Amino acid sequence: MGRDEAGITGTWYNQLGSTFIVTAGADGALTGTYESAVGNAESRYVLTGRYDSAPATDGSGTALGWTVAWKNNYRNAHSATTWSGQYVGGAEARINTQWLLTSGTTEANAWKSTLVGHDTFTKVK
C-alpha cells in the first residue's frame, strides 16, 4: 500500500467550504468527487489524480495533484481546475495546494483563460 494511502483517503474541506472526497490507491491513483462551495458549480464532479506512493522519510510532505472538469449532469462551466500540492500528516493533517482553473475560450480571449489560487484542505470543518 502507499505510505500515506490511509492518510489521504477520506473527506477533506477547504477554506471556501468545498468538499473533496478521495480514495488513494496503493499504486498512486487518486479517485473521487469534488463539490465546490463557489463558482459555476452544483453538486459533485468527478476527479482523478496521482500521488507519490513512496514519499521521502525525512519529514517532507507527499506530493499529489488532481483534476476536475466542471461538467456533470447538472451544469457545464466549460472549465477545468487542477490542484497541485502536498499532503502533510500529523495531528493536524493538511493538503496544501495551489491551483489553475482554465476556461475554454476563443483565441482572442485566451490571455484571460486561467485563474490561479491556493486552497488548504483539512479533515475538519
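Don't overthink the numbering: it's just position in the shown sequence, from 1. Only the largest set of C-alpha atoms that superpose within 1.5 Å between the two forms is called the rigid core.
Per-stretch RMS Cα distance to the displayed form in 5 other deposited structures of this protein, following rigid core alignment, is highest for 32-40 when 54-62 and 32-40 are compared. When the other structures are laid on the shown form by the rigid core, the stretch among 41-49 and 64-72 with the greater C-alpha deviation in 5 other deposited structures of this protein turns out to be 41-49. When the C-alpha B-factors of 34-42 and 77-85 are averaged, 34-42 comes out higher. Relative to one another, 23-31 and 66-74 have unequal mean CA B-factors, and 23-31 is the one with the higher figure. Of the candidates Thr11, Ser18, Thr106, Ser103, the deposited coordinates give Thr106 the top C-alpha B factor. Among all modelled residues in this chain, the alpha-carbon of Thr57 has a temperature factor (C-alpha) in the highest third.
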